[PDB]
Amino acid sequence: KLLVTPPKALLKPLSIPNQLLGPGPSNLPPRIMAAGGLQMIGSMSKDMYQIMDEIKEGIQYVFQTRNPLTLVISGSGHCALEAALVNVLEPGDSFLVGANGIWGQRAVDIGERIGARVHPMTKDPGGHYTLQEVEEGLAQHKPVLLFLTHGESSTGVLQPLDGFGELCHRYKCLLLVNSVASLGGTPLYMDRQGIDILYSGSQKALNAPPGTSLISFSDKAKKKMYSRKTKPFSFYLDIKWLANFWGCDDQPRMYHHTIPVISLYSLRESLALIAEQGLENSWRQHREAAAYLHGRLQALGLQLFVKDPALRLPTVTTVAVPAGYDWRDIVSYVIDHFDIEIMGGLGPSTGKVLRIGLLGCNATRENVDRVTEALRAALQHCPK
């Protein structure tokens, strides 16, 4: 006899609330939900390949690149990061990291884990990196790779990018940029800013379900990875394998792992939506919304964490915890009474901030309202 019996809770039907305006993930639009409900096809079929090919073109379009080594990572944001680090870095190599919030911190941990030379340019939450703080580190530590967070979703900071690609190439270094938060909602041009490795997530402004990520590599990166003398520590993430499967190199596509088919359908659609909308219209939408939101938020009497408006990330706003409140009470209130998700801090910003998120189709004046009135109420009833 079987000792473990059919779980009582599973024999009920699944049902989910109706809720998201935090740092992510974001709500899905009809078209993407529709894609997610479709039947499976052969995971190595002519049809599946065509879908992948369209996804690649879409990643080129949203990154603004023509890099032939552009493909989807079967896994979340951290997965894409770990993939870029584990294929570009042979143990010991020098690694320069912009540690201005949790997303540098994580790149640190990953770098350390794979045995790299880890030099963390540490900076309080709110801070960003000047060309000179960059040169200072490029000079003192002479790294083969630098990591910068573009949209720092844990501190609400937009990192300036122009010119750093070039600063890296003078010091022979490679530029890796995390655009999970920013991609789709602020200007970003891979080739025109000399970024070597650019990655993003499906779940932020693209409004896809979490679990896929986008990645692209320049030919300087492609060269470093293909002329490695060690094998990378992960098979799942071995780029030479992935590239082949994704049609990037010359050979016929050889099975590696099984791609998340139904998530790909979703991703494709999220790309078609933003391809139809167009990037500059997207960046406008996000910019305007962020401004509207900032205005209403100061109207409630709150103080924005990032003082300088040019340094604010449109997709994710940080707001200082108003004195005399418990941030958890406010957050609780908003979901408990209005069915709306916002978030507190994260990593360094923990307990310092509240975070509010405008991502893709969910970055509207309408939603800003809803969240404004939710915060009003919480400020009236959450104990002071």
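Sequential numbering from 1, following the sequence displayed.
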Extent of unmodelled deposited sequence, residue 20 relative to residue 19: 1 to 3
Between 205 to 213 and 101 to 109 (mean CA B-factor, as deposited), the higher: 101 to 109
Mean C-alpha B-factor comparison - 321 to 329 and 38 to 46, higher one: 321 to 329
Highest-ranked of 294, 286, 192, 78 once sorted by CA temperature factor in the record: 294
273, 237, 259, 167, ranked by C-alpha B-factor: the highest one: 167
Record-listed C-alpha B factor of residue 82: chain third: lowest
Residue 135 by Cα B-factor - lowest, middle or highest third of the modelled chain: highest
Residue 268 - Cα temperature factor, lowest/middle/highest third of chain: lowest
Third of the chain, ranked by Cα B-factor, where residue 350 sits: highest
Within-chain third of residue 222 by Cα B-factor, per the entry: middle
